[PDB]
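Asks: The structure is given below, and queries will be raised subsequently.
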Amino acid sequence: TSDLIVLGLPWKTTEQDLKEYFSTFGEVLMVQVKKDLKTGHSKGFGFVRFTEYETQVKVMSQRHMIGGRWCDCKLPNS
DNA sequence: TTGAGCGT
């Protein structure tokens, strides 16, 4: 139901790469990685929106290895 | 090049 955030994301990692990973847990609507609009390099974190609530907690209920680094899905601070 | 945090 809510937009999740992911911390610890490697720098080279991209949006497509996440879809590959989170699409293993369930219905992914969108993903957006945060970058500098001058370089396009990733801040090391992004967001992710699922369709089902089951798949969201499952993801928020654990840590995730991504690009060779562990990342934690948390509830944000809109 | 970098590694806690929180979305043009």
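Naming works like this for the structure tokens: A, B, ... for the chains as they're shown, residue 1 at the start of each chain, ligands 1 onward in shown order.
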Could you give me the residues within range 13-72 of chain A that DSSP places in strand (DSSP E), as JSON, numbers by chain?
Replies: {"A": [28, 29, 30, 31, 32, 33, 34, 35, 42, 43, 44, 45, 46, 47, 48, 49, 50, 63, 64, 65, 66, 69, 70, 71, 72]}
Asks: Return the neighbours of chain B among the residues of chain A, cut-off 9 Å, counting only C-alpha atoms (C1' of nucleotides), as number ranges by chain.
Replies: A: 5, 7-8, 32, 34, 44, 46-47, 76-78
Asks: Using Å and a single decimal, report how far CA of residue 39 in chain A sits from CA of residue 11 in chain A.
Replies: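 Spanning CA of residue 11 in chain A to CA of residue 39 in chain A is a straight-line distance of 12.0 Å.
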Asks: List every residue of range 1-74 of chain A that DSSP, applied to the backbone, labels as helix (DSSP H, G or I), and write the result as a VMD selection string.
Replies: chain A and resid 15 to 22 53 to 60
Asks: Write to file, as a short mmCIF file (atom, residue, chain, number, x, y, z; two decimals), in the first residue's frame, the residues of the selection just made, with N, CA, C and O atoms.
Replies:
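result_36.cif written:
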```
data_model
loop_
_atom_site.label_atom_id
_atom_site.label_comp_id
_atom_site.auth_asym_id
_atom_site.auth_seq_id
_atom_site.Cartn_x
_atom_site.Cartn_y
_atom_site.Cartn_z
N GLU A 15 17.55 0.90 -11.83
CA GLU A 15 16.13 0.59 -11.63
C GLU A 15 15.78 -0.80 -12.14
O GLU A 15 15.11 -1.58 -11.46
N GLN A 16 16.24 -1.11 -13.35
CA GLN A 16 15.93 -2.39 -13.99
C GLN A 16 16.40 -3.54 -13.11
O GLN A 16 15.70 -4.54 -12.96
N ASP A 17 17.59 -3.38 -12.53
CA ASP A 17 18.18 -4.42 -11.71
C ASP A 17 17.32 -4.75 -10.49
O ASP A 17 17.24 -5.91 -10.08
N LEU A 18 16.67 -3.74 -9.93
CA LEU A 18 15.79 -3.95 -8.78
C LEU A 18 14.57 -4.75 -9.18
O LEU A 18 14.21 -5.73 -8.52
N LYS A 19 13.92 -4.33 -10.26
CA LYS A 19 12.75 -5.03 -10.77
C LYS A 19 13.02 -6.53 -10.86
O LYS A 19 12.15 -7.35 -10.57
N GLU A 20 14.24 -6.88 -11.27
CA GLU A 20 14.63 -8.28 -11.39
C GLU A 20 14.59 -8.98 -10.04
O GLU A 20 14.22 -10.15 -9.94
N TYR A 21 14.96 -8.24 -9.00
CA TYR A 21 15.08 -8.80 -7.66
C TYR A 21 13.75 -8.81 -6.92
O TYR A 21 13.36 -9.83 -6.35
N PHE A 22 13.05 -7.68 -6.93
CA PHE A 22 11.78 -7.54 -6.22
C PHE A 22 10.63 -8.24 -6.95
O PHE A 22 9.61 -8.54 -6.34
N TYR A 53 0.02 -6.39 -0.38
CA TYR A 53 0.53 -6.07 0.95
C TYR A 53 1.39 -7.20 1.49
O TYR A 53 2.33 -6.97 2.25
N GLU A 54 1.06 -8.43 1.09
CA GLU A 54 1.81 -9.60 1.52
C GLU A 54 3.27 -9.51 1.10
O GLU A 54 4.18 -9.79 1.88
N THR A 55 3.48 -9.09 -0.15
CA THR A 55 4.82 -9.04 -0.73
C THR A 55 5.64 -7.89 -0.17
O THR A 55 6.87 -7.91 -0.24
N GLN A 56 4.96 -6.90 0.39
CA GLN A 56 5.63 -5.70 0.88
C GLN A 56 6.29 -5.94 2.23
O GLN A 56 7.42 -5.52 2.47
N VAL A 57 5.57 -6.62 3.12
CA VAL A 57 6.09 -6.92 4.44
C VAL A 57 7.17 -7.98 4.32
O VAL A 57 8.25 -7.86 4.91
N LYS A 58 6.88 -9.02 3.55
CA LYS A 58 7.85 -10.06 3.27
C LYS A 58 9.19 -9.42 2.95
O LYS A 58 10.24 -9.89 3.39
N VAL A 59 9.14 -8.34 2.18
CA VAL A 59 10.33 -7.60 1.80
C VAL A 59 10.81 -6.73 2.95
O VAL A 59 12.01 -6.61 3.19
N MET A 60 9.87 -6.13 3.67
CA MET A 60 10.20 -5.29 4.81
C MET A 60 10.54 -6.15 6.02
O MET A 60 11.00 -5.65 7.04
#
```
Asks: For the atom pair CA of residue 28 in chain A and CA of residue 1 in chain A, what is the interatomic distance in Å to one decimal place?
Replies: 11.3 Å
Asks: Using CA of residue 43 in chain A and CA of residue 65 in chain A as the two end points, give the distance in Å to one decimal.
Replies: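 Computed distance, CA of residue 43 in chain A to CA of residue 65 in chain A, equals 17.3 Å.
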Asks: Would you kindly return, as a compact mmCIF listing (two decimals) with N, CA, C and O atoms, in the first residue's frame, each protein, DNA or RNA residue with an atom no farther than 9 Å from any atom of residue 10 in chain A, considering only C-alpha atoms (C1' of nucleotides) and excluding same-chain residues fewer than 2 positions away?
Replies:
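Heads up, here's the output in selection-v2.txt:
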```txt
# COMPACT_ATOMS: atom_id res chain seq x y z
N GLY A 8 21.51 1.14 1.33
CA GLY A 8 22.68 0.30 1.17
C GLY A 8 22.92 -0.08 -0.28
O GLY A 8 23.87 -0.80 -0.59
N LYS A 12 26.50 1.44 -8.72
CA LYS A 12 26.31 1.08 -10.12
C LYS A 12 24.89 0.59 -10.37
O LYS A 12 24.40 0.62 -11.50
N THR A 13 24.23 0.15 -9.30
CA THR A 13 22.91 -0.46 -9.41
C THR A 13 21.91 0.49 -10.05
O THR A 13 22.03 1.71 -9.92
N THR A 14 20.92 -0.07 -10.73
CA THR A 14 19.94 0.72 -11.47
C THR A 14 18.51 0.26 -11.17
O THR A 14 18.30 -0.64 -10.36
N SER A 42 24.06 7.09 -8.83
CA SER A 42 23.05 6.80 -7.82
C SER A 42 23.49 7.24 -6.43
O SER A 42 24.64 7.07 -6.06
N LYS A 43 22.56 7.82 -5.68
CA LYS A 43 22.83 8.24 -4.30
C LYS A 43 23.06 7.05 -3.39
O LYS A 43 23.57 7.19 -2.28
N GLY A 44 22.67 5.86 -3.86
CA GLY A 44 22.82 4.65 -3.08
C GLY A 44 21.51 4.21 -2.44
O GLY A 44 21.51 3.39 -1.52
N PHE A 45 20.40 4.76 -2.92
CA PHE A 45 19.09 4.39 -2.42
C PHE A 45 17.99 4.79 -3.41
O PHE A 45 18.20 5.65 -4.26
N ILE A 66 22.09 -7.08 -2.72
CA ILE A 66 21.90 -6.43 -4.01
C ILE A 66 23.22 -5.87 -4.52
O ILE A 66 23.77 -4.94 -3.94
N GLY A 67 23.73 -6.44 -5.61
CA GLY A 67 25.00 -6.01 -6.16
C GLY A 67 26.19 -6.43 -5.32
O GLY A 67 27.32 -6.03 -5.59
N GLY A 68 25.93 -7.24 -4.30
CA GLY A 68 26.97 -7.69 -3.39
C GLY A 68 26.92 -6.94 -2.07
O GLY A 68 27.87 -6.98 -1.29
N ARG A 69 25.81 -6.26 -1.82
CA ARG A 69 25.61 -5.52 -0.58
C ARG A 69 24.22 -5.74 -0.01
O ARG A 69 23.24 -5.84 -0.76
```
Asks: With distances taken over only C-alpha atoms, which of A:71, A:2, A:61, A:9 is nearest to residue 41 in chain A?
Replies: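 Once distances to residue 41 in chain A are computed over only C-alpha atoms, the minimum belongs to A:9.
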